[PDB]
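Asker: Okay, here's the structure, questions in a sec.
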Amino acid sequence: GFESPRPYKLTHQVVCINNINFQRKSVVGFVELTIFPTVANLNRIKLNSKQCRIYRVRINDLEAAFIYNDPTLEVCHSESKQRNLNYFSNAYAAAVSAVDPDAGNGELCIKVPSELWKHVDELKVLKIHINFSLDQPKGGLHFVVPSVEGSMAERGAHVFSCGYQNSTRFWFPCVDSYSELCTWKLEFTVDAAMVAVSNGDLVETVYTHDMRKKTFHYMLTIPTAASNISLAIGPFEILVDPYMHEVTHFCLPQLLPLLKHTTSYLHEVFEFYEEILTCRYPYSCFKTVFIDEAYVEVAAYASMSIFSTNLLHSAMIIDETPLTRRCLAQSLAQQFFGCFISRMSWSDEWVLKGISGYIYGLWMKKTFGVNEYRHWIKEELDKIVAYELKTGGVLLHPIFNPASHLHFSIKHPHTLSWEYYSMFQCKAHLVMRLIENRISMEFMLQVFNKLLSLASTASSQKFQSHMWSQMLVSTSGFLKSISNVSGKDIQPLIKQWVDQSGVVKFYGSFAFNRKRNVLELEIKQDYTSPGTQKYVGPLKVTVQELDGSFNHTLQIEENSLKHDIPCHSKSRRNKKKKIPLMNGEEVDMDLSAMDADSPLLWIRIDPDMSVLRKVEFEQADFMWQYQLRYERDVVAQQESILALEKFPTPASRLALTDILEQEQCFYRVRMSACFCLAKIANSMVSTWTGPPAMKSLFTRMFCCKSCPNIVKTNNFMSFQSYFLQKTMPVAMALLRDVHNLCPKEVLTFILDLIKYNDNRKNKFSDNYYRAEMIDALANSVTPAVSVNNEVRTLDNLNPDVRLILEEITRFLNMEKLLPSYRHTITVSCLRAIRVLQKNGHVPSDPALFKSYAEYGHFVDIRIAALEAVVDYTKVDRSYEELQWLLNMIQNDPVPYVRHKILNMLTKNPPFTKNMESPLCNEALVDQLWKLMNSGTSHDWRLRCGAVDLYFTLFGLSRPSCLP
Amino acid sequence: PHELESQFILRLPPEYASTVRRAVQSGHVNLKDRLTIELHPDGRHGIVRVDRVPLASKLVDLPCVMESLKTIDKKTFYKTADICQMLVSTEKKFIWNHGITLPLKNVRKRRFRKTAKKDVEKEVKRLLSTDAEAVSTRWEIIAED
Amino acid sequence: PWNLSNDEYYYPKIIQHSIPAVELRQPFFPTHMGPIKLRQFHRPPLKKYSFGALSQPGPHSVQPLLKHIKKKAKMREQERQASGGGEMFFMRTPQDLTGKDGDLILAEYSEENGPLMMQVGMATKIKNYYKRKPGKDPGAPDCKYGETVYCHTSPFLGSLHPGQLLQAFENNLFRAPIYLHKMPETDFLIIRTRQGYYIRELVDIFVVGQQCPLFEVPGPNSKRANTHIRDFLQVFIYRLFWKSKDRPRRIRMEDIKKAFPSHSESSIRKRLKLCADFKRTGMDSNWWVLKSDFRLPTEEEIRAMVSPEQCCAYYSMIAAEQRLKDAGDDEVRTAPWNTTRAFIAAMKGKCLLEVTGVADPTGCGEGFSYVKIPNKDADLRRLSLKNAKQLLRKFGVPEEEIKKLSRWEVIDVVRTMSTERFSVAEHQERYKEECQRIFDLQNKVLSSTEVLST
């Protein structure tokens with residue numbers, strides 16, 4: 001049951017936009033809402049509006065009086081001397097709650113005229129006509145106007161609606177909540193050479209009487225929220241999908257072949273999401289818009305998605321196909337379960353984010369294989385356990401503070417830190433995988449189909465929300481639908497992993513009792529760490545003995561420590577028979593390293609990742625080597641690679657080398673075995689016999705049979721030896737000699753890989769392989785031996801580093817004339833120059849990176865250069881570079897770059913709270929408090945980034961360095 | 001508590017079966033007055049009264065075991081009861097030799113071995129009771145006499 | 001840009017009972033079955049009621065089910081539509097397992113006493129195995145009940161013909177070929193309860209062939225057998241402790257003695273020794289209170305203790321024990337522990353089974369028997385080929401054997417006519433052909449709508 005927090009119900013909204021002026025960056029328009037009051041004596045009506053100048057408001061064609069105030073413009077007063085962050089977080093939460101449409105509130109308060117009170121008490125319709133104007137919007141809707149001359153279509157100027165969550169208040173007045181569903185009528189009067197893309201279906205396109213402008217009329221009969229309404233106006237090249245004909249793809253001019261190749265996969269994504277769920281795609285059209293200077297890499301609205309143009313690749317670009325493919329896939333998953341089925345509160349957001357991430361993981365499983373699915377699930381689980389042990393924990397479904405261990409309030413999406421938002425979505429889809437583990441996948445897809453079917457029977461009624469609230473899901477409704485389809489309720493699993501905000505830590509060690517033939521496990525939990533919680537459920541453990549692989553369920557109550565499980569025979573060591581594996585197959589194992597008295601070959605605690613856990617198991621090194629070689633699970637091979645770094649014995653070198661030589665191993669395991677072999681080789685110097693590690697293996701796999709030092713000409717058509725070939729010198733460059741300097745046998749090998757590179761014969765580009773070669777050249781740089789702080793000049797340059805510097809100069813200059821796909825070699829060469837500057841080789845001068853961080857350069861060139869400037873101002877304690885970065889945060893045209901500068905200055909801070917630095921003035925505290933209070937008031941993501949930066953630099957209390 | 005439901009099969013003469021079938025598929029409570037069942041204290045004898053016309057009934061034991069299976073989706077079926085008895089309307093007499101389906105006819109005689117045999121136990125118990133209530137017992141395995 | 005997961009080297013290649021069934025509730029899963037209740041195993045007689053409306057002697061009106069079915073069947077549909085629509089679980093109460101609602105079918109058995117048999121409340125699935133025709137095939141003949149699956153490898157002993165669809169009951173207990181027949185035109189289904197008679201019509205009745213057992217029935221007084229007995233008694237004791245309202249959870253011993261009356265009280269004491277203690281004086285006197293340090297197991301742990309299929313295997317064992325005991329080695333071979341062990345061992349390929357024998361539940365050539373078998377001239381030389389050729393012509397031997405001109409074979413054939421290598425492929429091939437022929441004969445007998453004369 002859904003009861004509105006608003007005293008009115010909104011039925012229909014007309015959004016008309018005229019006069020989109022690109023020179024002056026200005027729109028004019030009106031908005032006409034059709035509300036039905038649910039309570040009599042409605043009097044004031046409270047709507048949401050930011051940055052719009054409200055000209056006049058007429059209610060039922062009668063002139064009404066409005067008052068506007070935004071408390072989130074300046075959160076705390078300018079003349080308050082408070083400088084602690086808990087004060088700002090409480091004031092910011094109160095300010096966002098005072099404009100919240102999820103309460104009854106709002107920023108624009110319109111007073112109903114007196115003569116309509118007899119029209120409002122007996123509950124009859126009210127039609128509110130606001131007309132407004134955006135004069136020059138800061139972060140409302142982004143105007144990308146290039147400075148080439150010509151007409152606005154000839155120079156490539158466009159507008160798009162940017163922002164996250166409820167940010168539609170930034171460009172027209174609305175009820176900007178996900179729970180106020182209404183039908184829509186959208187008119188946009190644009191230039192005749194431009195096209196206006198929006199939500200709904202385009203009913204017509206009429207000309208103006210001078211035929212210089214045309215009006216696009218859109219209609220949206222599926223009741224969506226105001227937060228799902230978008231807009232993209234530009235000189236877009238239109239491409240109808242040749243497979244599905246209601247899907248149109250819009251790109252920027254001159255990028256039509258890239259659009260043709262890139263969006264050619266999307267019909268398979270549509271077919272997948274419509275056959276695992278049994279509902280068809282709910283909207284009547286689908287539109288993909290590719291734009292410049294995007295807010296996020298992929299945004300999903302109702303019947304529309306806005307991607308950045310940096311996803312567009314051609315047919316000869318690999319290492320970008322899978323990333324763009326999965327961006328399209330998660331946009332479509334959010335089309336199904338973020339835009340059609342919406343949220344009922346700010347709680348129950350974990351339901352929608354979990355269903356979107358879970359069905360996108362099912363797509364990844366079918367498309368890229370179960371092994372890529374397991375690797376992705378393991379990397380997301382490692383991400384969450386790192387974040388939750390780092391700071392507190394992520395609390396899905398809080399109850400309204402519920403989480404007081406962090407520095408922000410979790411009551412609203414616009415007060416969350418961006419890393420918390422990312423980990424929120426990540427934990428939501430892993431908890432949905434856990435619900436699939438308890439209640440099987442076919443019942444899970446039946447739950448999702450029942451939600452979609454209730455929403456689509458709701459979506460066709462005309463009753464103003466008598467039935468339109470069946471399109472809003474809640475937690476209680478989701479659990480009730482689960483209990484309807486399965487008969488089991490998941491309330492212990494919901495109580496543990498949703499309502500409780502923690503992950504578990506397992507420390508395991510075994511001992512084999514030879515007398516009674518049992519395996520005594522010893523599993524203890526660390527439940528006193530700040531991020532942890534105590535697990536009391538069952539726990540699966542998989543033991544591989546000589547007779548095969550056996551699963552055991554252990555009951556781990558609070559007082560439990562020793563778990564005795566039984567062991568089988570050892571009669572497959574009496575005769576040589578094959579040892580049967582986890583799957584149905586069996587292999588020949590070399591049992592010379594195994595103990596004579598124990599049959600068990602390896603043990604895995606929680607193999608299926610059925611809890612949110614971090615396992616620290618103490619096996620013997622031969623058990624880790626057997627688990628690396630003969631396991632049929634990629635997460636166990638990865639964890640054995642990760643645990644073999646502590647055992648540098650030559651049997652582990654043989655194990656990793658046999659993994660590296662082995663095709664029919666998953667390629668991301670071999671790419672990890674490269675770096676593990678490099679670390680082991682560095683640890684057993686003065687024992688290593690022959691050549692450096694992986695060199696003979698590289699010449700055996702990727703070089704000519706007649707010439708060992710000449711590499712084969714590039715043929716990248718295998719896509720697994722391409723990835724292994726481009727990752728093996730990067731790990732090989734981490735080799736170190738007795739003096740700790742990279743050997744001149746590996747550096748010469750990398751330089752010969754660079755010289756003899758011929759790419760005139762493959763059908764694929766070479767930009768990522770050459771960029772990884774520059775990364776391998778950067779990995780070999782050891783710190784220089786400066787004497788008496790000698791000025792490092794080209795005369796006293798290292799003879800090793802002169803070759804590296806010549807190569808990166810040649811590569812960067814050749815990129816200036818023949819550019820790569822996304823300037824990957826510019827990014828790699830800037831990263832390598834920063835590596836050479838971090839050691840004492842090149843003078844520590846930020847002027848090159850400051851010239852590459854200009855607006856004219858590409859976003860990746862920019863963020864690499866700004867990462868170098870952030871690293872410089874951390875190491876050299878530069879005041880003027882920090883003022884340069886803070887000025888670039890305040891006034892840069894691209895807001896993604898501002899968010900990225902705040903993000904990089906949070907990750908690599910110039911000082912922490914423990915450090916005494918020269919950069920701890922009262923001036924810097926006043927600048928960052930002014931940046932939290934004012935200055936970042938237009939983005940909701942810069943303000944949370946400024947809160948994160950103030951927390952990283954000065955902590956939760958009053959800054960100690962305050963004169 | 002819960003008591004397992006007891007389902008049995010009712011076999012009627014064909015004209016009376018057609019009238020009962022029409023009245024069942026109609027669905028009114030008029031059928032309730034029309035069809036009654038009186039089971040006699042023998043336990044294996046009855047009257048079924050169709051439209052107030054008495055028919056003579058015998059409750060017989062079926063040679064196979066049937067099981068009623070209900071479903072909601074026609075893919076998974078849940079067993080509801082075991083059927084072993086039929087009230088045909090028109091000891092050794094109360095045992096039915098044939099099965100309900102057409103392929104199962106003369107099942108007890110042909111598709112089933114008569115392993116049901118070995119009544120005899122009850123007779124042995126009665127003999128033991130008579131011996132206990134006696135004083136002297138004389139026994140001999142005999143020959144033809 | 002592709003798969004790139006070497007999946008063929010890492011990975012080279014379901015039944016949900018009702019909540020009364022998985023919780024082992026005592027009407028549906030009895031704790032104790034006496035001798036007269038073991039003779040009437042799965043054939044429950046029509047009991048006379050002592051109290052109720054049917055307990056009073058006289059005529060009793062039946063009540064046709066149709067608007068009640070409509071309401072209750074549409075209640076499942078209402079619940080389905082209120083939740084959205086999609087299969088949906090429903091059997092959560094004992095009152096869901098009535099015959100008064102839902103689409104009932106009947107299922108008749110071809111064997112008198114099967115090796116395994118479902119209790120009331122347990123689920124089974126209908127799988128339609130369809131072998132495609134060589135090359136092009138139209139598609140599975142569609143069937144009203146069950147889901148279709150394309151079986152290259154025959155589940156049963158025989159192999160499916162090309163273009164042959166065979167329906168089968170599939171659950172955890174067995175797998176058995178079923179054959180849909182229409183009901184007789186005279187038979188209705190009367191559901192009697194304490195309150196009155198109710199009538200349904202039936203239209204679909206399946207005939208179930210010889211079962212292929214997937215669960216091994218234990219032997220009497222064996223490790224598994226007595227482990228089941230101990231675990232069943234422990235589960236009953238835990239569920240009596242959960243049902244107790246006093247805090248301390250306390251039970252009475254003669255409740256357990258009413259449930260398990262064949263048990264010696266030393267075994268019941270042994271189960272109560274850990275997890276309970278006897279209070280003789282003061283409060284809780286003559287009660288077995290729960291120990292304060294003992295954590296009573298949760299519902300899912302008690303469900304993980306005993307499975308319903310283990311209870312069905314135990315009931316099959318004790319029913320067969322009674323039948324063998326009443327009938328005073330051939331019969332012992334037909335006992336379900338022997339036949340289930342034989343069939344499951346034959347399915348792993350341990351051993352072969354004589355398909356004609358005495359374990360045959362038909363008693364004729366139809367049906368299989370599941371019992372284990374191990375998987376393992378002087379003057380004739382003077383016929384001087386030419387006269388032997390003329391003799392083979394004289395006897396009427398076909399011209400191919402005369403034509404071969406193989407003196408050796410010719411002499412052996414003339415000896416065989418005057419009378420008229422390995423134990424591996426030979427015996428295994430013969431066994432397989434015999435099993436296929438028996439399966440085909442059973443399927444033909446099940447599928448006949450021909451009337452059979454009394």
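In the structure tokens, chains take the letters A, B, ... in the order shown, each chain's residues start at 1, and ligands count up from 1 in the order shown.
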With 6 Å as the limit and counting only C-alpha atoms, what residues in chain C lie close to chain B? Please list them as a short mmCIF file (atom, residue, chain, number, x, y, z; two decimals) with N, CA, C and O atoms, in the first residue's frame.
Answerer:
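What landed in part.cif:
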```cif
data_model
loop_
_atom_site.label_atom_id
_atom_site.label_comp_id
_atom_site.auth_asym_id
_atom_site.auth_seq_id
_atom_site.Cartn_x
_atom_site.Cartn_y
_atom_site.Cartn_z
N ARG C 43 -3.19 -48.83 0.84
CA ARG C 43 -4.56 -49.24 0.55
C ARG C 43 -5.38 -49.01 1.81
O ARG C 43 -5.74 -49.95 2.52
N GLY C 58 -27.73 -43.57 7.96
CA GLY C 58 -28.85 -43.11 7.11
C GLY C 58 -28.38 -42.69 5.73
O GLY C 58 -27.18 -42.82 5.45
N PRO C 59 -29.27 -42.20 4.84
CA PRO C 59 -28.85 -41.68 3.53
C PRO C 59 -28.13 -40.34 3.74
O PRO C 59 -28.52 -39.62 4.64
N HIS C 60 -27.13 -40.04 2.90
CA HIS C 60 -26.37 -38.77 3.04
C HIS C 60 -26.20 -38.13 1.66
O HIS C 60 -25.67 -38.81 0.77
N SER C 61 -26.60 -36.86 1.51
CA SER C 61 -26.51 -36.21 0.22
C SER C 61 -25.07 -35.89 -0.13
O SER C 61 -24.30 -35.41 0.72
N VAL C 62 -24.68 -36.15 -1.37
CA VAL C 62 -23.38 -35.70 -1.84
C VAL C 62 -23.53 -34.25 -2.28
O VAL C 62 -24.63 -33.79 -2.60
N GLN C 63 -22.41 -33.53 -2.25
CA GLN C 63 -22.38 -32.10 -2.66
C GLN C 63 -21.42 -31.94 -3.84
O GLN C 63 -20.20 -32.11 -3.64
N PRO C 64 -21.92 -31.65 -5.07
CA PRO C 64 -21.05 -31.50 -6.23
C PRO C 64 -20.12 -30.29 -6.05
O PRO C 64 -20.57 -29.29 -5.51
N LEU C 66 -17.94 -27.30 -7.77
CA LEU C 66 -17.85 -26.53 -9.04
C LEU C 66 -17.67 -25.04 -8.72
O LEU C 66 -16.72 -24.44 -9.25
N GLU C 87 3.62 -19.34 -12.38
CA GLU C 87 3.72 -20.60 -11.57
C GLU C 87 3.25 -20.36 -10.14
O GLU C 87 2.07 -20.69 -9.89
N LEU C 97 -3.90 -29.36 0.63
CA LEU C 97 -3.74 -30.67 0.02
C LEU C 97 -5.05 -31.43 -0.09
O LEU C 97 -5.03 -32.66 -0.22
N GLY C 102 -8.35 -27.47 -7.25
CA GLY C 102 -7.27 -27.75 -8.17
C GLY C 102 -7.65 -28.81 -9.19
O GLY C 102 -8.68 -29.47 -9.10
N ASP C 103 -6.79 -28.97 -10.18
CA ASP C 103 -7.03 -29.91 -11.26
C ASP C 103 -6.47 -31.27 -10.87
O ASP C 103 -5.26 -31.48 -10.90
N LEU C 104 -7.35 -32.20 -10.51
CA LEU C 104 -6.95 -33.54 -10.13
C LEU C 104 -6.82 -34.43 -11.35
O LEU C 104 -7.64 -34.37 -12.27
N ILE C 105 -5.76 -35.24 -11.36
CA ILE C 105 -5.64 -36.37 -12.26
C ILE C 105 -5.52 -37.61 -11.39
O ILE C 105 -5.23 -37.52 -10.20
N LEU C 106 -5.76 -38.77 -11.99
CA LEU C 106 -5.53 -40.01 -11.26
C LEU C 106 -4.33 -40.72 -11.85
O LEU C 106 -3.99 -40.54 -13.01
N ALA C 107 -3.67 -41.54 -11.03
CA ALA C 107 -2.48 -42.27 -11.45
C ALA C 107 -2.56 -43.69 -10.92
O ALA C 107 -2.47 -43.90 -9.71
N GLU C 108 -2.72 -44.64 -11.81
CA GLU C 108 -2.86 -46.05 -11.47
C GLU C 108 -1.51 -46.72 -11.62
O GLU C 108 -0.72 -46.31 -12.45
N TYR C 109 -1.24 -47.75 -10.81
CA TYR C 109 0.06 -48.46 -10.88
C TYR C 109 -0.11 -49.82 -11.55
O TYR C 109 -1.17 -50.45 -11.37
N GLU C 112 1.79 -54.44 -8.21
CA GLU C 112 1.00 -54.51 -6.98
C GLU C 112 1.67 -53.72 -5.87
O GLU C 112 1.07 -52.80 -5.30
N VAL C 120 1.44 -38.93 1.08
CA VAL C 120 0.51 -37.84 0.81
C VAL C 120 1.19 -36.52 1.15
O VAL C 120 1.73 -36.34 2.25
N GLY C 121 1.18 -35.60 0.20
CA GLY C 121 1.78 -34.30 0.38
C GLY C 121 3.05 -34.09 -0.40
O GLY C 121 3.57 -32.97 -0.42
N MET C 122 3.57 -35.12 -1.05
CA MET C 122 4.82 -35.03 -1.78
C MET C 122 4.56 -34.69 -3.24
O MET C 122 3.51 -35.01 -3.79
N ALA C 123 5.54 -34.04 -3.84
CA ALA C 123 5.41 -33.54 -5.20
C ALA C 123 6.11 -34.46 -6.19
O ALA C 123 7.05 -35.18 -5.84
N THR C 124 5.64 -34.42 -7.43
CA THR C 124 6.27 -35.12 -8.53
C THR C 124 6.07 -34.28 -9.78
O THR C 124 5.19 -33.41 -9.83
N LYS C 125 6.90 -34.51 -10.79
CA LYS C 125 6.84 -33.75 -12.02
C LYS C 125 6.53 -34.68 -13.18
O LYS C 125 6.81 -35.88 -13.11
N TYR C 145 -0.19 -32.08 -20.04
CA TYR C 145 0.46 -31.99 -18.72
C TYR C 145 1.95 -32.26 -18.82
O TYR C 145 2.34 -33.14 -19.56
N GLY C 146 2.73 -31.56 -18.03
CA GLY C 146 4.17 -31.73 -17.96
C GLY C 146 4.92 -30.76 -18.86
O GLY C 146 4.34 -29.99 -19.62
N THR C 186 -18.48 -43.96 -16.52
CA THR C 186 -19.35 -44.24 -15.40
C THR C 186 -18.77 -43.84 -14.05
O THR C 186 -19.52 -43.75 -13.08
N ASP C 187 -17.47 -43.60 -13.97
CA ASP C 187 -16.79 -43.43 -12.70
C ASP C 187 -16.66 -41.96 -12.34
O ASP C 187 -16.23 -41.14 -13.16
N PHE C 188 -17.02 -41.63 -11.10
CA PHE C 188 -16.83 -40.32 -10.50
C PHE C 188 -15.97 -40.49 -9.26
O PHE C 188 -15.68 -41.61 -8.85
N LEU C 189 -15.57 -39.39 -8.65
CA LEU C 189 -14.69 -39.45 -7.48
C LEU C 189 -15.40 -38.83 -6.29
O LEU C 189 -15.70 -37.64 -6.30
N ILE C 190 -15.64 -39.64 -5.27
CA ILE C 190 -16.32 -39.18 -4.06
C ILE C 190 -15.28 -38.98 -2.97
O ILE C 190 -14.61 -39.92 -2.56
N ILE C 191 -15.17 -37.75 -2.50
CA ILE C 191 -14.31 -37.38 -1.39
C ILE C 191 -15.20 -37.33 -0.16
O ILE C 191 -16.06 -36.46 -0.04
N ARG C 192 -15.04 -38.28 0.74
CA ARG C 192 -15.79 -38.26 1.98
C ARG C 192 -14.91 -37.74 3.09
O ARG C 192 -13.71 -38.05 3.15
N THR C 193 -15.48 -36.87 3.91
CA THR C 193 -14.89 -36.38 5.14
C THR C 193 -15.90 -36.63 6.24
O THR C 193 -16.90 -37.33 6.05
N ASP C 326 4.89 -62.48 6.74
CA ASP C 326 3.58 -63.18 6.64
C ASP C 326 3.71 -64.39 5.71
O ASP C 326 3.20 -65.46 6.07
N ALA C 327 4.41 -64.23 4.58
CA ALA C 327 4.62 -65.35 3.65
C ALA C 327 5.86 -66.15 4.07
O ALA C 327 6.84 -66.15 3.30
N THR C 362 5.29 -58.42 -12.92
CA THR C 362 4.12 -58.86 -13.68
C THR C 362 3.83 -60.34 -13.44
O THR C 362 2.68 -60.73 -13.25
N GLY C 363 4.87 -61.17 -13.41
CA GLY C 363 4.68 -62.60 -13.39
C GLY C 363 4.59 -63.22 -14.76
O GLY C 363 4.45 -64.44 -14.87
N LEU C 446 0.87 -50.69 -22.05
CA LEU C 446 0.35 -49.48 -21.37
C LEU C 446 -0.49 -48.63 -22.34
O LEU C 446 -1.55 -48.13 -21.92
N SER C 448 -2.22 -49.57 -24.97
CA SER C 448 -3.39 -50.17 -25.69
C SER C 448 -4.78 -49.71 -25.22
O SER C 448 -5.19 -49.95 -24.06
N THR C 449 -5.57 -49.13 -26.12
CA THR C 449 -6.97 -48.78 -25.77
C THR C 449 -7.88 -49.92 -26.25
O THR C 449 -9.10 -49.73 -26.26
#
```
Asker: Select from range 281-326 of chain C everything DSSP, run on the backbone, classes as strand (DSSP E or B), then give the selection as a compact mmCIF listing (two decimals) with N, CA, C and O atoms, in the first residue's frame.
Answerer:
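In the end it all went to selection14.txt:
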```
# COMPACT_ATOMS: atom_id res chain seq x y z
N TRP C 287 8.26 -34.14 34.17
CA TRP C 287 8.46 -33.59 32.85
C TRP C 287 9.93 -33.67 32.48
O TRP C 287 10.82 -33.67 33.34
N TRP C 288 10.18 -33.71 31.17
CA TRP C 288 11.53 -33.68 30.62
C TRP C 288 11.78 -32.27 30.12
O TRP C 288 11.45 -31.92 28.99
N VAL C 289 12.37 -31.44 30.97
CA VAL C 289 12.61 -30.06 30.58
C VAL C 289 13.83 -29.99 29.67
O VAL C 289 14.71 -30.85 29.70
N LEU C 290 13.85 -28.96 28.84
CA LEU C 290 14.98 -28.74 27.95
C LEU C 290 16.13 -28.13 28.73
O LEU C 290 15.92 -27.29 29.60
```
Asker: Restrict the distance test to only C-alpha atoms, flag each residue of chain C within 10 Å of chain A, and return the flagged residues as a ChimeraX atom specification.
Answerer: /C:1-14,16,18-19,79-92,295,301
Asker: Could you please determine the separation between CA of residue 110 in chain C and CA of residue 96 in chain B in Å, to one decimal place?
Answerer: 15.1 Å
Asker: Rank C:408, C:171, C:381, C:375 by their smallest atom-to-atom distance to residue 426 in chain C, using only C-alpha atoms, and report the top residue only.
Answerer: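 Ranking C:408, C:171, C:381, C:375 by distance to residue 426 in chain C, first place goes to C:375.
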Asker: Pick out each residue of range 6-99 of chain B that DSSP on the backbone tags as helix (DSSP H, G or I); I need them as a ChimeraX atom specification.
Answerer: /B:14-26,30-34
Asker: Limited to N, CA and C atoms, could you put the picked residues into a file as a tab-separated table (two decimals), in the first residue's frame?
Answerer:
```
chain	number	residue	atom	x	y	z
B	14	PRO	N	-24.88	-46.89	-16.75
B	14	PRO	CA	-24.49	-45.85	-17.74
B	14	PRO	C	-25.50	-44.74	-17.95
B	15	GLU	N	-26.80	-45.05	-17.93
B	15	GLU	CA	-27.81	-44.00	-18.02
B	15	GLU	C	-27.83	-43.14	-16.76
B	16	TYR	N	-27.76	-43.77	-15.59
B	16	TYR	CA	-27.67	-43.04	-14.34
B	16	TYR	C	-26.35	-42.29	-14.22
B	17	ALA	N	-25.28	-42.83	-14.81
B	17	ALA	CA	-24.01	-42.10	-14.85
B	17	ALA	C	-24.12	-40.87	-15.72
B	18	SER	N	-24.90	-40.94	-16.80
B	18	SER	CA	-25.06	-39.76	-17.65
B	18	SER	C	-25.87	-38.68	-16.96
B	19	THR	N	-26.92	-39.07	-16.23
B	19	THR	CA	-27.70	-38.08	-15.49
B	19	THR	C	-26.89	-37.45	-14.36
B	20	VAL	N	-26.11	-38.25	-13.63
B	20	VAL	CA	-25.26	-37.72	-12.57
B	20	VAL	C	-24.16	-36.83	-13.14
B	21	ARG	N	-23.63	-37.18	-14.32
B	21	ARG	CA	-22.58	-36.36	-14.93
B	21	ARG	C	-23.12	-35.01	-15.38
B	22	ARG	N	-24.31	-35.01	-15.99
B	22	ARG	CA	-24.95	-33.77	-16.39
B	22	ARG	C	-25.28	-32.89	-15.19
B	23	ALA	N	-25.72	-33.49	-14.09
B	23	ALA	CA	-26.03	-32.71	-12.90
B	23	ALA	C	-24.77	-32.21	-12.20
B	24	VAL	N	-23.65	-32.93	-12.30
B	24	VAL	CA	-22.41	-32.46	-11.69
B	24	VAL	C	-21.84	-31.30	-12.50
B	25	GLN	N	-21.79	-31.45	-13.82
B	25	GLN	CA	-21.27	-30.39	-14.68
B	25	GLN	C	-22.19	-29.17	-14.73
B	26	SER	N	-23.46	-29.32	-14.38
B	26	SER	CA	-24.32	-28.15	-14.24
B	26	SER	C	-23.89	-27.31	-13.05
B	30	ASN	N	-29.11	-28.55	-6.72
B	30	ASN	CA	-30.23	-29.47	-7.06
B	30	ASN	C	-29.67	-30.89	-7.05
B	31	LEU	N	-28.42	-31.07	-7.51
B	31	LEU	CA	-27.77	-32.40	-7.52
B	31	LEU	C	-27.71	-32.94	-6.09
B	32	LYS	N	-27.49	-32.07	-5.11
B	32	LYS	CA	-27.30	-32.55	-3.72
B	32	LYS	C	-28.54	-33.33	-3.28
B	33	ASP	N	-29.73	-32.80	-3.54
B	33	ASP	CA	-30.99	-33.52	-3.21
B	33	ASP	C	-31.10	-34.80	-4.05
B	34	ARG	N	-30.74	-34.72	-5.33
B	34	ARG	CA	-30.92	-35.87	-6.26
B	34	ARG	C	-30.02	-37.05	-5.92
```
Asker: For residue 29 in chain C, list every protein, DNA or RNA residue within 10 Å, evaluated using only C-alpha atoms, and leave out those in the same chain fewer than 5 positions away; present the list as number ranges by chain.
Answerer: C: 20-24, 119-121, 308, 311-312, 315
Asker: Skip residue 32 in chain A itself and residues of its chain fewer than 4 positions away, then list as a PyMOL selection string all residues within 6 Å of it, counting only C-alpha atoms.
Answerer: chain A and resi 13-14+128-129
Asker: Do a neighbour search on range 173-178 of chain C at 7 Å with only C-alpha atoms, toss out local chain neighbours closer than 3 positions, and write the hits as JSON, numbers by chain.
Answerer: {"C": [116, 166, 167, 168, 169, 170, 206, 207, 208, 209, 210, 211, 212, 213, 214, 215, 309]}
Asker: In Å, rounded to a single decimal, give me how far CA of residue 828 in chain A is from CA of residue 251 in chain A.
Answerer: 28.3 Å
